[PDB]
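Fold and geometry: a report
Chain by chain, the residues:
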There are 2 protein chains.
Amino acid sequence: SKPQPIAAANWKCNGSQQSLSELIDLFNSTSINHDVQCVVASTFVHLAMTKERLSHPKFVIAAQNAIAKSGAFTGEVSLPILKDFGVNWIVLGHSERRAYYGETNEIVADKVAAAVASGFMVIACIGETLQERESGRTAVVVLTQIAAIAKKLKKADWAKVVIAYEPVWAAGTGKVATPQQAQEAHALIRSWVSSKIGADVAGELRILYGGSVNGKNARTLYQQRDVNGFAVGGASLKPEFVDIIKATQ
Amino acid sequence: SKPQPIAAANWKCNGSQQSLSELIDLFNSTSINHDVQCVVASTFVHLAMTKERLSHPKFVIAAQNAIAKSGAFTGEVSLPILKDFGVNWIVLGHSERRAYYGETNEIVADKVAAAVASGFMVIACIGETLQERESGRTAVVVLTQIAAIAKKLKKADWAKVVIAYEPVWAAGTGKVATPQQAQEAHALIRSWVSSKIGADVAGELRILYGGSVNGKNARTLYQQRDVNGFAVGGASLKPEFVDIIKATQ
Ligand SMILES: [K+]
Ligand SMILES: [K+]
């Protein structure tokens, strides 16, 4: 059967003290009857508030980015700073950082390896753009992305690693990913891990769908063989995120 | 007479909850007699603990970076989020962000303009590299940087703008600029502001020096005609910062 599902809330660069606290109150009051690891990834600024307010046993807190080491890097946040601050989860290599902030396949790989070495649970993000998919390069792109990450990891490190597939080709492009299209991408990633890392690792690896979801389509998406949860964007700032949690059973 | 001096502490990407707490406790117990605006720019993560424990009346809290608007920008922090969090000061266009994180002259200018429009006090960083100075291109490089900023500002905006002249070759290298080198650069900057923006604006404009400032060289640096304070990196993580504050007369 599937490993423990994950419902990750990527709040991105959003939220006020009031709006986020209200949403945290809803999460705290939400009863969850099945084994699922829920994750709340707030901005660095809201990490303190989230730590103090979030109390649900099946919820942990994550950062949306970091650099490997502390030092002369004005504006950035390092892994030791997050570790000292009690944050043990992190989202790395998000498509927006790959696009906007110069994070190459190797830069993402270095951050992930650094985070794992520091003891973090890591949600590593991969996925192809519309240009790459339409040019028939979905497979080569996503496999190159995860190959770069694996190059800096050992087999034992994958116990701390989570893979999130972002259908970037469907992000504000007008396109819509079908459950079949998502499954095909997940199965492809699964197949690579099995042959390159191990069938044991592949069986335990959580592959999260990182595309647009609501309560309804998330239930359908979780029916797919190689979908192990969701890395949610916009819907994670809404009460709808509760439905997405329930979508993982 | 000089305008109100500024002692800015740029902790950069450093510090634990404990180490920064000790710095703050020292700052709180430090008697500051003269008129000076002290600034502490911690990481996004430590903003909350700084707001809570820092209570010295002549100290304000700053961010080390931001982007203009909230939205789908994973890992980043926006100006509206900082404003909601009660943070009203910010350092922008630091040499480390110009070099590592793709912040061009025009990118810096847009952030500065956005910050001023949102009601922030802005410490805008400019400065030349080692090669640019030794090739005798300090003037054209530094003045081009502030010109790009100036293009995006109305005259009224300069009241919220603080200029930090920070030569890259002096950043953390232990090679502080001589009082003459700093004065020469500050005089050049204020002269350009006087001619292009107005003599009234230039008379009120604060020009800080940044680059290996410590408790031993600060006093002599501030004695110069056009030096209105300091942007401090490494020494701002030490008790030495108190001596730099007092060095502003
Ligand atoms: K969504
Ligand atoms: K968003």
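Residues numbered from 1 in each chain as written, not as in the entry; some residues may be left out. Chains lettered and ligands numbered in written order. Heavy atoms only, no water. Residues with missing side-chain atoms left out of burial classes, pairs and counts.

Structure determination for this entry is recorded as X-ray crystallography, at 2.250 Å resolution.

Naming follows the PDB entry, where chain A appears as Triosephosphate isomerase, glycosomal of Trypanosoma brucei brucei. In the Sequence similarities part of its UniProt record, chain A is described as follows: "Belongs to the triosephosphate isomerase family." (UniProt positions renumbered as here; feature names shortened; annotations may be inferred.)

**A closer look at the overall build of chain A**
Each helix and strand counted, chain A has 11 helices and 8 strands in total. For chain A, whose C-alpha radius of gyration is 17 Å, the value lies close to the compact-globule estimate of 18 Å for 249 residues. For chain A, the spread of C-alpha atoms along the three principal axes comes to 45 × 45 × 35 Å. Here the contacts in chain A between residues at least 6 apart in sequence split such that 67% fall between residues at least 24 apart. (Helix = DSSP H or I, 4+ residues; strand = E, 2+ residues; numbered from the N terminus. Rg over C-alpha atoms; globule rule 2.2 N^0.38 Å. Contact = heavy atoms within 4.5 Å.)

**Some words on the coordination of the potassium ion (ligand 2)**
Donor atoms from the polypeptide that coordinate the potassium ion (ligand 2) comprise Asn 14 of chain A (OD1) and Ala 72 of chain B (N), at 3.0 to 3.2 Å from the metal. Here the residue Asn 14 of chain A occupies a position in the loop between β1 (6-10) and α1 (17-29), and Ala 72 of chain B occupies one in the loop between β3 (59-63) and α3 (79-84), the pair thus bridging two chains. Since its relative accessible area comes to 34%, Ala 72 of chain B is described here as partly exposed. (Donors = N, O, S within 2.8 Å, 3.2 Å for Na, K, Ca; no water. Buried < 20%, exposed > 50% of the residue type's maximum accessible area, 1.4 Å probe, protein only.)

**Overview of the pairing of strand β1 (residues 6-10) of chain B**
All names here are of chain B. The buried fraction of β1 amounts to 5 of the 5 residues, a majority that puts the element mostly inside the structure. Read from β1 through helix α1 (residues 17-28) to strand β2 (residues 37-41), the crossover connection turns out right-handed. Sheet topology note: the β1/strand β8 (residues 229-232) ladder contains 4 bridges and is parallel. Opposite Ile 6, over in β8, you have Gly 229 as the bridge partner. (Right-handed = clockwise from strand over helix to strand, strands pointing away. Pairing = 2+ DSSP bridges.)

**Quick look at the relation of the copies chain A and chain B**
With an RMSD of 0.9 Å, the fit of chain A onto chain B corresponds to turning through 180 degrees and sliding 0.0 Å along the axis. Both chain copies can therefore be described as sitting about a two-fold axis. A shared binding surface is used by both copies, with 100% of the interface residues of chain A retained as interface residues in chain B. (Least-squares fit on C-alpha atoms.)

**So, helix α7 (residues 138-151) of chain A**
One turn of an α-helix holds 3.6 residues; hence residues three or four places apart share an orientation. Residues and elements named next belong to chain A. For α7, spanning 14 residues, the distance from its first C-alpha to its last is 20 Å, which sits close to the expected 20 Å at 1.5 Å a residue. Residues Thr 138, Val 141, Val 142, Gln 145, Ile 146, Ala 148, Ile 149 and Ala 150 constitute the buried set of α7. Contact partners of the buried residues in α7: α4 (95-100), α5 (105-117), β5 (121-126), α6 (130-134), β6 (161-165) and α8 (179-196). (Expected span 1.5 Å × (residues − 1).)

**Comments concerning the UniProt feature "active site" in chain A**
The UniProt entry lists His 94 and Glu 166 of chain A under the feature "active site", expressed in the numbering used here. A stretch of 73 residues holds the annotated residues, and the largest C-alpha distance among them is 8.3 Å, short enough that they meet in one place. Mapped onto the secondary structure, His 94 of chain A falls in the loop between β4 (89-92) and α4. Once residues lying within four places of it in the same chain are set aside, the contact partners of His 94 of chain A are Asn 10, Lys 12, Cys 125 and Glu 166 of chain A together with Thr 74 of chain B. Only 3.4 Å separates the side chain of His 94 of chain A from the side chain of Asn 10 of chain A, close enough to count as a polar contact. Structurally, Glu 166 of chain A can be placed in the loop between β6 and α8. Since its relative accessible area comes to 8%, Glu 166 of chain A is described here as buried. Apart from the residues within four sequence positions on either side, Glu 166 of chain A is in contact with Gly 93, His 94, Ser 95, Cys 125, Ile 126, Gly 127, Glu 128 and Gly 210 of chain A. At 3.2 Å, the side chain of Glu 166 of chain A forms a polar contact with the side chain of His 94 of chain A. (Polar contact = N/O pair within 3.5 Å; in protein donor to acceptor, adjacent residues only side chain to side chain.)

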